[PDB]
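Read the structure below first, then the notes.
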Amino acid sequence: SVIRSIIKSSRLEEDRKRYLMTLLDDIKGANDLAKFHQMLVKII
């Protein structure tokens with residue numbers, strides 16, 4: 001939910017936050033999620 005919320009709150013990727021939502025929501029790894037979060041949030 002944490003990462004799911006941030007990407008959904010990421011006002012840049014429309015369909016990509018939607019797509020990445022159904023992806024990350026399925027990501028059952030807390031550490032890997034955090035890395036994906038650090039990833040895109042450092043991208044922007």
(request) Using 0.36 nm per residue of separation minus the Cα-Cα distance, give me the extension gain between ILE27 and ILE44 in nm, one decimal. (result) 4.0 nm
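Are there any helices in the chain, counted as whole DSSP H runs, that stretch 18 Å or more along their axis by Cα and score at least -0.5 on average by Kyte-Doolittle, and if so which?
Length and hydropathy pass: 30-43.
Read the figures in this text as sums done on the coordinates, not as results from a lab.
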